[PDB]
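Novice: One structure follows; several queries about it will come next.
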Amino acid sequence: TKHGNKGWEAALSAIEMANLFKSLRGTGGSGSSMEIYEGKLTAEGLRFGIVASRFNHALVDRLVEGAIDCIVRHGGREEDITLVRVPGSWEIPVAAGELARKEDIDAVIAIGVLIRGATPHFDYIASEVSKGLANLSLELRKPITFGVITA
Amino acid sequence: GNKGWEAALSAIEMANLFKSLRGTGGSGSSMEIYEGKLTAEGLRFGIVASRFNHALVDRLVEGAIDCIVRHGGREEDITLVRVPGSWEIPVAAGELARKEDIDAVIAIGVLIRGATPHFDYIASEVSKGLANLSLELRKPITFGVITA
Amino acid sequence: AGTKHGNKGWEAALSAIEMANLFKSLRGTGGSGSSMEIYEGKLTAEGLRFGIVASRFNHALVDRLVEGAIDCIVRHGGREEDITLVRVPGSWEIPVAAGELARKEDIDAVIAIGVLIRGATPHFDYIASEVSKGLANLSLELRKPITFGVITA
Amino acid sequence: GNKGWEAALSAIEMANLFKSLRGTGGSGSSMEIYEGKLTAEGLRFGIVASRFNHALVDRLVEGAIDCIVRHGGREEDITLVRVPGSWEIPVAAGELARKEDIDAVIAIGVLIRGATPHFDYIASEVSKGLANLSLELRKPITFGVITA
Amino acid sequence: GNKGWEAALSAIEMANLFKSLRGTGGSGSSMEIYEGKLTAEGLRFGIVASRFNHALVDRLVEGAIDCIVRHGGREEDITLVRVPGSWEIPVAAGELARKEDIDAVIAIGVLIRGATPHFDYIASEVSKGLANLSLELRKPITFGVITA
Amino acid sequence: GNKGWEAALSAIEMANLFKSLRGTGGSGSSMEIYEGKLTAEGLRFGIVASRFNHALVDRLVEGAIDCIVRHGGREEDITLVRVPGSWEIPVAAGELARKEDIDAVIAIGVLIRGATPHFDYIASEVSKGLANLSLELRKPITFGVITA
Amino acid sequence: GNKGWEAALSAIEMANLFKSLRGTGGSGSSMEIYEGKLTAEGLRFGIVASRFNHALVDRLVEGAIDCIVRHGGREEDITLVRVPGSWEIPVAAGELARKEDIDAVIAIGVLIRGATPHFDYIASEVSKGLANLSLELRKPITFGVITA
Amino acid sequence: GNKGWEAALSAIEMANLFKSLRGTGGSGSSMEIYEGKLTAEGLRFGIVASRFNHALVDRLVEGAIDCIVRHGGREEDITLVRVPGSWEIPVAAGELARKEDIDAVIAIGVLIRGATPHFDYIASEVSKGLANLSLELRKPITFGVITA
Amino acid sequence: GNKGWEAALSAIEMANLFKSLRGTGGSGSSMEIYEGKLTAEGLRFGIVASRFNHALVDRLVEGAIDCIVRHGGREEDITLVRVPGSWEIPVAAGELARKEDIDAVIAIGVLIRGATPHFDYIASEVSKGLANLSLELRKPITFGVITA
């Protein structure tokens with residue numbers, strides 16, 4: 001909305017996708033016209049989960065704060081947020097798969113930082129984060145949002 | 001002039017082609033050819049569009065509906081789903097392609113070319129997800145994502 | 001169409017929602033005491049009504065700002081039937097038209113959008129100064145929030 | 001054209017706009033857009049101009065008259081008042097605006113920034129005075145003051 | 001404004017000028033000067049527009065309709081025709097100009113010249129056809145084409 | 001794609017536009033809009049194609065026939081005329097256009113401009129002839145001529 | 001030669017290899033070697049060919065049919081399916097491969113990589129889909145896709 | 001044009017020249033001139049065409065057949081023989097030339113000289129063989145071989 | 001991959017073509033086409049290979065036999081003749097092509113490119129001799145000589 005940091009933006013997507021899926025599962029329109037499905041930016045009664053890495057905790061800490069501020073401003077509740085910390089970026093996909101299988105959580109947010117300017121070997125690590133997170137959403141049929149910064 | 005029109009045209013042809021393959025009847029002793037007509041009467045479509053780049057998607061969505069109506073389709077048979085960004089298109093498409101009333105799905109969006117790893121990785125995953133989903137569910141899904 | 005963070009039409013609409021909700025809290029029943037009371041606004045737009053005043057100059061820029069403003073209200077819970085739009089020749093006419101809207105008993109906030117070309121030559125530095133003065137004075141006299149979406153190129 | 005043509009156009013549109021707000025609202029079920037036409041039939045106007053640099057000022061007053069006539073307004077529905085200098089435009093404009101038979105006012109004038117310091121307090125006060133009139137009386141007043 | 005706005009004004013002015021020429025005479029005993037006013041009540045119009053993507057010509061058509069309605073015209077008295085491309089405008093313009101209840105015609109299009117042959121030849125023929133039609137049917141036709 | 005496909009699409013749409021434009025008009029109560037559908041059921045077509053550049057023109061003619069048949073047309077309702085070169089296209093098009101059982105005409109050919117000023121004069125005359133015929137006979141003639 | 005001929009040769013040999021590999025094994029007394037003969041008597045084939053680049057793909061399809069017929073195959077035992085573009089090849093190949101009267105599938109098409117990053121993503125997904133289908137269904141699918 | 005058309009024109013003229021040259025001579029009283037007419041009514045032809053460069057040679061063969069039929073020949077009086085490559089053209093031409101119901105032979109093919117010295121030797125031997133056969137058998141054989 | 005395979009494939013086609021030409025039977029009233037199948041059953045071949053370049057010829061001879069066996073031929077029907085150098089191929093080929101049991105002859109060898117008159121003259125004579133011998137004896141002889 002206004003803050004701009006990728007934690008804020010990543011949380012806006014999660015709030016909208018969580019609302020969209022309830023609309024889809026509910027029912028169709030009255031009829032005699034084109035059906036439209038959209039999600040609104042209201043976080044009243046939604047459960048969220050956040051997975052964040054520890055490498056560069058200075059930058060990650062602000063991003064995790066920004067995502068939490070976004071949820072409360074739009075009507076969320078601080079008690080309906082679960083946070084998990086992992087040693088590094090290689091472990092984000094495996095950790096998020098555990099949250100997604102919970103029957104309560106409705107959306108999942110991944111935050112982290114990637115170093116791709118000093119070592120010509122991290123490219124292997126970076127590519128697997130994007131693949132693993134994307135495959136999980138299709139398999140479990142649950143929205144998972146990308147909040148990964150590159151340094 | 002726009003990829004929205006092109007994507008909708010492929011969807012019409014693929015929908016008619018799958019009715020011919022899943023059919024039985026008399027045939028001759030010669031070679032057998034299966035083709036798709038461009039008559040949109042009686043078919044039901046689904047569109048999934050992202051909001052990125054503000055108003056450019058609205059231009060693409062307008063072209064898609066124009067193709068369906070002018071080729072014989074009815075505007076009561078379209079379903080529109082809107083998602084926040086390009087990263088969200090595959091998951092929304094899967095939900096829309098798992099219901100028996102839909103015959104084909106069209107994906108529209110705009111991607112960024114900021115020359116950053118953040119966008120380069122997102123771009124690849126959009127294409128791979130839509131490709132796998134059409135093979136898993138055996139339903140045609142058309143690609144209408146442009147850049148800039 | 002629409003927009004998100006970056007466009008000045010979206011930020012202005014955000015302030016209006018927060019201010020419109022804040023006033024309803026202030027006029028509400030007082031608290032029970034026993035501690036300090038903190039008043040702040042929620043980003044919910046359900047049941048609110050707005051007005052927008054836009055200038056026709058620089059059709060390319062202004063058009064996308066008006067789309068951003070309308071997009072913000074709808075996404076956050078607004079209803080399309082509860083927005084009134086007014087077009088005017090130029091920036092000099094914005095304050096007078098805004099006053100007509102603010103007096104309606106069924107308008108909770110007002111958003112002003114326009115583009116200023118100050119600095120190039122005279123006849124515009126005078127215009128720019130008075131637009132800021134008029135909108136500010138109207139807000140205090142009428143006691144309704146009035147947001148300032150005017151940009152400069 | 002000239003700045004006088006532009007000022008008359010704004011007056012015609014604002015005068016029509018105010019006549020719409022005072023009327024009934026739209027049918028509902030959608031956004032209400034209020035805008036002003038450019039028909040000048042049935043409207044009464046007023047012009048206030050200064051003598052200084054009569055060569056330039058006369059051209060501007062001709063432009064305003066041309067614009068109103070071309071758009072379908074009679075010359076019998078125009079009141080013209082002339083004043084010694086720029087300092088007297090706002091007080092002169094106040095008398096016209098209080099009448100119930102005038103629906104818009106146009107100010108024409110020319111100033112000189114490169115003059116003595118005494119002719120600088122005047123320059124800023126013209127803008128302030130006309131602005132406060134419009135909000136006070138709730139009646140459009142248009143600006144047509146240029147500089148040499 | 002946009003060239004859809006500019007083109008529509010010339011049709012309002014020229015449609016009024018003709019009604020004066022083929023009617024009653026002037027005062028007499030002196031030179032007769034003719035000119036058209038910018039009123040549009042009672043006039044009938046026709047707009048012919050091409051297709052180029054779905055965005056850049058929609059703006060020019062909306063600018064044209066706004067000019068007529070704000071300057072006094074009725075929406076009941078406008079006919080809009082869409083054609084595949086620039087090459088098809090003159091044949092479509094001919095059909096409208098032959099109708100007894102149309103007073104002027106506005107042509108809006110996009111020429112993408114400067115790219116490849118097959119388009120440096122189309123441009124030269126579009127201007128000639130509209131020019132000939134006006135001199136052959138005695139009905140003004142206004143030119144509203146942009147360059148991509 | 002190929003200009004054979006594009007030229008047949010334009011012909012199908014103009015043939016439908018002229019049926020509605022020559023029928024009963026709208027009752028009223030709104031602006032009247034005329035558009036052409038992309039359905040080719042019950043329409044007759046003629047094609048004029050040159051012979052030079054043996055390989056190319058055969059591909060263009062196949063494209064045009066494929067477009068008509070896949071939109072609902074019948075191969076029995078197509079007339080094909082072959083001519084030696086581009087210079088001869090306009091004269092043959094006149095004969096087809098003057099028949100009362102043809103709704104539109106498609107012109108295909110290859111211009112070999114690039115040298116030999118003998119061929120620079122031929123290029124300019126093919127466009128002129130086709131444009132005049134369409135206006136004279138009041139029938140749509142589509143341009144499908146490319147440059148090698 | 002052309003990849004149409006090469007792709008049909010590979011399909012004929014793999015179809016023969018899978019007949020001997022699924023039959024009775026060797027008695028023993030030596031190393032067992034399995035090879036495919038180049039005889040196409042009694043085998044069924046399917047072909048999936050796109051449409052873009054109208055001229056090229058037609059030459060490739062003729063090459064594939066010529067190879068089969070001249071090796072002993074019958075034109076009555078060939079199935080042909082046409083699709084709009086390269087993006088649609090993998091989905092159609094799945095339907096043909098799941099039939100119980102087809103021994104191998106040949107995929108033909110033209111990729112237009114070279115610009116417009118829209119087409120750079122399509123290129124990588126056609127190979128992935130065809131490779132996975134062959135392993136999943138346990139049927140040989142041959143790659144006959146070239147680049148323009 | 002194409003060498004297929006040129007090679008068939010030469011064959012038609014030489015076939016007519018050999019009929020008059022083998023008939024009764026002129027009575028006298030002037031110089032005797034023998035010429036060949038361009039009429040192909042009652043003459044038989046044979047064509048030998050290679051296969052390499054799949055697309056090109058098919059266009060050349062169509063040109064040759066079109067020339068004969070449009071000059072009065074019958075498609076029933078044409079014999080066509082296909083060979084793998086250019087190296088094989090002379091040997092097949094000998095078999096056709098030795099039949100007593102053929103008046104001339106047309107040889108078509110594509111030489112792929114440009115690299116691979118393997119193909120530089122083949123080029124020189126095709127011309128030698130065709131030239132010797134014509135002199136040995138006393139029948140006209142026309143050269144229709146191009147270079148890619 | 002190697003010219004030994006290519007030379008053997010031409011031999012099979014030419015052998016089958018000469019059985020069709022030297023045949024009689026019923027025929028239709030349409031055009032007559034003679035082609036060669038790629039079935040090697042019942043045919044008898046001859047190979048002439050040189051020893052130069054040590055082991056490279058062994059690779060070429062291996063490819064030739066693989067083609068004949070896999071297309072249906074029997075290894076008891078091949079005759080292999082080995083000569084010291086390329087200069088000796090034509091004389092050995094003539095002896096092998098003069099016996100009635102042989103249907104086609106294949107020539108394989110390697111030439112040197114030392115840029116010397118000794119090798120430049122030898123290279124030319126190998127090609128000319130094999131070309132003449134096929135015309136004298138009316139039997140197909142295939143060229144499979146490579147360089148380096």
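Within each chain, counting starts at residue 1; across the structure tokens, chains are named A, B, ... in the order shown, with ligands numbered 1 upward in that order.
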So which residues touch residue 40 of chain G within 6 Å, counting only C-alpha atoms, skipping near sequence neighbours fewer than 5 positions away, as an MDAnalysis selection string?

Specialist: chainID G and resid 71:73

Novice: Got time to write the residues from that selection, N, CA, C and O atoms, as an mmCIF file, in the first residue's frame?

Specialist:
```cif
data_model
loop_
_atom_site.group_PDB
_atom_site.id
_atom_site.type_symbol
_atom_site.label_atom_id
_atom_site.label_comp_id
_atom_site.auth_asym_id
_atom_site.auth_seq_id
_atom_site.Cartn_x
_atom_site.Cartn_y
_atom_site.Cartn_z
ATOM 1 N N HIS G 71 8.486 -47.702 -46.993
ATOM 2 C CA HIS G 71 9.066 -48.791 -46.222
ATOM 3 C C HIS G 71 8.100 -49.949 -46.021
ATOM 4 O O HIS G 71 8.456 -50.921 -45.354
ATOM 5 N N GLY G 72 6.898 -49.874 -46.587
ATOM 6 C CA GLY G 72 5.923 -50.940 -46.494
ATOM 7 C C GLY G 72 4.666 -50.588 -45.738
ATOM 8 O O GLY G 72 3.758 -51.423 -45.669
ATOM 9 N N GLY G 73 4.572 -49.390 -45.175
ATOM 10 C CA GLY G 73 3.387 -49.002 -44.445
ATOM 11 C C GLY G 73 2.221 -48.687 -45.358
ATOM 12 O O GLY G 73 2.351 -48.538 -46.572
#
```

Novice: Leaving out residue 17 of chain A and any residue of its chain fewer than 3 positions from it, which residues lie within 7 Å of it when counting only C-alpha atoms, given as a list in words?

Specialist: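 The residues that qualify are residues 13, 14, 20, 21, 39 and 143 of chain A.
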
Novice: Emit the selected residues as a PDB file, in the first residue's frame, including N, CA and C atoms.

Specialist:
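Saved result, selection-v8.pdb, follows:
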```pdb
ATOM      1  N   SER A  13      -0.393  -9.770  -1.133  1.00  0.00           N
ATOM      2  CA  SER A  13      -0.773 -10.865  -2.015  1.00  0.00           C
ATOM      3  C   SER A  13      -1.441 -11.986  -1.233  1.00  0.00           C
ATOM      4  N   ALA A  14      -0.890 -12.324  -0.067  1.00  0.00           N
ATOM      5  CA  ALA A  14      -1.432 -13.425   0.719  1.00  0.00           C
ATOM      6  C   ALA A  14      -2.848 -13.128   1.191  1.00  0.00           C
ATOM      7  N   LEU A  20      -9.726 -14.840  -2.169  1.00  0.00           N
ATOM      8  CA  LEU A  20     -10.199 -15.312  -3.465  1.00  0.00           C
ATOM      9  C   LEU A  20     -10.666 -16.756  -3.390  1.00  0.00           C
ATOM     10  N   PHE A  21      -9.934 -17.597  -2.663  1.00  0.00           N
ATOM     11  CA  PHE A  21     -10.238 -19.022  -2.653  1.00  0.00           C
ATOM     12  C   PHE A  21     -11.572 -19.313  -1.979  1.00  0.00           C
ATOM     13  N   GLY A  39     -10.683 -11.092  -4.908  1.00  0.00           N
ATOM     14  CA  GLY A  39     -10.420 -11.068  -3.477  1.00  0.00           C
ATOM     15  C   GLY A  39     -10.214  -9.641  -3.001  1.00  0.00           C
ATOM     16  N   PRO A 143      -2.206 -21.194  -1.480  1.00  0.00           N
ATOM     17  CA  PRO A 143      -1.319 -20.115  -1.931  1.00  0.00           C
ATOM     18  C   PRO A 143      -0.079 -19.975  -1.062  1.00  0.00           C
TER      19      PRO A 143
END
```

Novice: Which chain H residues have any atom within 9 Å of an atom of chain G, and for each, what is the nearest pair of atoms with distance in Å to one decimal, counting only C-alpha atoms, rows sorted by chain and number, as JSON lines?

Specialist:
```
{"residue": "H:52", "atom": "CA", "partner": "G:1", "partner_atom": "CA", "distance": 6.9}
{"residue": "H:53", "atom": "CA", "partner": "G:1", "partner_atom": "CA", "distance": 6.8}
{"residue": "H:54", "atom": "CA", "partner": "G:1", "partner_atom": "CA", "distance": 7.3}
{"residue": "H:55", "atom": "CA", "partner": "G:59", "partner_atom": "CA", "distance": 6.6}
```

Novice: How would the residues just picked look written out with N, CA and C atoms as a compact mmCIF listing (two decimals), in the first residue's frame?

Specialist:
```txt
# COMPACT_ATOMS: atom_id res chain seq x y z
N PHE H 52 16.62 -34.90 -53.90
CA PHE H 52 17.28 -34.03 -52.94
C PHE H 52 16.72 -32.62 -53.03
N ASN H 53 16.80 -31.89 -51.92
CA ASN H 53 16.15 -30.59 -51.79
C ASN H 53 14.65 -30.73 -52.05
N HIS H 54 14.03 -31.48 -51.13
CA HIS H 54 12.64 -31.89 -51.23
C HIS H 54 11.71 -30.81 -51.78
N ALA H 55 11.81 -29.59 -51.24
CA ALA H 55 10.85 -28.55 -51.59
C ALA H 55 11.07 -28.03 -53.01
```

Novice: Contacts of residue 4 of chain H at 10 Å or less, counting only C-alpha atoms, minus same-chain residues fewer than 5 places along, as an MDAnalysis selection string?

Specialist: chainID H and resid 9 57:67 106:109 143:146

Novice: List every residue of chain A that DSSP, applied to the backbone, labels as helix (DSSP H, G or I), and write the result as number ranges by chain.

Specialist: A: 6-26, 57-73, 78-80, 89-100, 123-140

Novice: For the residues in that selection, give me C-alpha atoms as a short mmCIF file (atom, residue, chain, number, x, y, z; two decimals), in the first residue's frame.

Specialist:
```cif
data_model
loop_
_atom_site.label_atom_id
_atom_site.label_comp_id
_atom_site.auth_asym_id
_atom_site.auth_seq_id
_atom_site.Cartn_x
_atom_site.Cartn_y
_atom_site.Cartn_z
CA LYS A 6 8.91 -6.51 0.22
CA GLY A 7 7.45 -7.80 3.47
CA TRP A 8 4.51 -5.44 3.07
CA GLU A 9 3.99 -6.35 -0.59
CA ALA A 10 4.31 -10.09 0.04
CA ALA A 11 1.63 -9.89 2.74
CA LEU A 12 -0.83 -8.02 0.50
CA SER A 13 -0.77 -10.87 -2.01
CA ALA A 14 -1.43 -13.43 0.72
CA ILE A 15 -4.45 -11.53 2.05
CA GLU A 16 -5.97 -11.30 -1.43
CA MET A 17 -5.36 -14.91 -2.45
CA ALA A 18 -6.80 -16.18 0.84
CA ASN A 19 -9.99 -14.22 0.18
CA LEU A 20 -10.20 -15.31 -3.47
CA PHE A 21 -10.24 -19.02 -2.65
CA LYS A 22 -13.24 -18.75 -0.33
CA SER A 23 -15.15 -16.99 -3.11
CA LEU A 24 -14.30 -19.79 -5.54
CA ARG A 25 -15.30 -22.55 -3.12
CA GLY A 26 -18.56 -20.86 -2.15
CA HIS A 57 19.14 -11.22 10.19
CA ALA A 58 19.60 -7.44 10.00
CA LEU A 59 17.66 -7.13 6.75
CA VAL A 60 15.36 -10.09 7.39
CA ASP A 61 14.18 -8.67 10.72
CA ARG A 62 12.68 -5.58 9.09
CA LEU A 63 10.95 -7.65 6.41
CA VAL A 64 9.30 -9.93 8.96
CA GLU A 65 8.19 -6.86 10.89
CA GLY A 66 6.70 -5.29 7.76
CA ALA A 67 4.63 -8.36 6.96
CA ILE A 68 3.21 -8.46 10.49
CA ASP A 69 2.32 -4.76 10.43
CA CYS A 70 0.42 -5.20 7.17
CA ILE A 71 -1.78 -7.96 8.60
CA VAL A 72 -2.79 -6.04 11.74
CA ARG A 73 -3.51 -2.79 9.88
CA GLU A 78 -1.37 -11.06 16.14
CA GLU A 79 -2.41 -14.35 17.76
CA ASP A 80 -3.33 -15.92 14.39
CA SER A 89 17.62 -20.51 2.26
CA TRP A 90 18.11 -24.16 1.27
CA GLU A 91 15.65 -25.15 4.01
CA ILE A 92 12.74 -22.79 3.25
CA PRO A 93 10.85 -25.13 0.85
CA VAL A 94 10.97 -28.15 3.16
CA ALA A 95 9.81 -26.10 6.16
CA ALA A 96 6.92 -24.46 4.29
CA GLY A 97 5.59 -27.86 3.28
CA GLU A 98 4.88 -28.59 6.94
CA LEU A 99 2.84 -25.42 7.46
CA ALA A 100 0.87 -25.90 4.25
CA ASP A 123 23.24 -20.06 -8.34
CA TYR A 124 22.45 -23.71 -7.64
CA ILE A 125 20.99 -22.81 -4.24
CA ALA A 126 19.00 -19.87 -5.61
CA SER A 127 17.32 -21.81 -8.42
CA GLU A 128 16.00 -24.57 -6.15
CA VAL A 129 14.16 -22.16 -3.83
CA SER A 130 11.95 -20.88 -6.65
CA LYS A 131 11.24 -24.37 -7.98
CA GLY A 132 10.37 -25.99 -4.66
CA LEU A 133 7.99 -23.26 -3.51
CA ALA A 134 6.17 -23.23 -6.85
CA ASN A 135 5.68 -27.00 -6.97
CA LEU A 136 4.22 -27.04 -3.44
CA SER A 137 1.41 -24.62 -4.29
CA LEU A 138 0.16 -26.82 -7.14
CA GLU A 139 0.47 -30.04 -5.13
CA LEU A 140 -1.26 -28.84 -1.95
#
```

Novice: Output as a VMD selection string the set of chain C residues within 12 Å of chain B, with distances taken over only C-alpha atoms.

Specialist: chain C and resid 1 to 7 10 63 to 65 67 to 68 71 75

Novice: Go through segment 27-83 of chain D and collect every residue that DSSP, computed from the backbone, puts in strand (DSSP E); the answer should be as a PyMOL selection string.

Specialist: chain D and resi 32-34+45-50+78-83

Novice: Identify which of the residues A:46, A:51, A:109, A:148 lies closest to residue 77 of chain A, counting only C-alpha atoms when measuring atom-to-atom distances.

Specialist: A:46

Novice: Identify, on the basis of only C-alpha atoms, every residue whose closest approach to segment 86-93 of chain H does not exceed 9 Å; exclude the query and any residue fewer than 6 positions from it along the same chain; express the result as a ChimeraX atom specification.

Specialist: /H:46-52,105-111,122-123,125-130,133,141,145 /I:10,14,18,131,134-135,138-143

Novice: Work out how far apart atom CA of residue 45 of chain F and atom CA of residue 79 of chain F are and give it in Å to one decimal.

Specialist: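 Computed distance, atom CA of residue 45 of chain F to atom CA of residue 79 of chain F, equals 6.4 Å.
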